[PDB]
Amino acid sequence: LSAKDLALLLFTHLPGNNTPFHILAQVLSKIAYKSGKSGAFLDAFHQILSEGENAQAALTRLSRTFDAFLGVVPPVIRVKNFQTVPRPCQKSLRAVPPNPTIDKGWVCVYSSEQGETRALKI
């Protein structure tokens, strides 16, 4: 199952659109796919849901416990400006810390044309 199809599937479990969790779904999906852990990642995700957790709690937990995400630095996404970042994510932008990693809640790093950077934090 491709990263795209994987991300879309996780989307069906999330409320709203273009939320920090949506971005996290895309990021975790891609990292999982490229690691060949696409199937295992999906299984773990559903396992958590069965425990009584919701999609959001599952993604945050997986980002902290799924070995494939441990120590992995958030991906850098280029954007005209920070106002280009999905609206529901804007208020979650922080200055980038020295060593950003996904297991620490850092979803991605936005880079503006002006060279400025902001990290999406959950």
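One rule holds for the numbers: they count along the sequence shown, beginning at 1.
As listed in the deposited structure, the average C-alpha B-factor of 36 to 44 and of 73 to 81 is greater for 36 to 44. For the segment pair 63 to 71 and 92 to 100, the entry gives 63 to 71 the higher mean B-factor, averaged over Cα atoms. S50: CA B factor in the highest third of modelled residues in this chain (values from the PDB entry). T12: CA B factor lies in the lowest third for its chain, per the PDB record.
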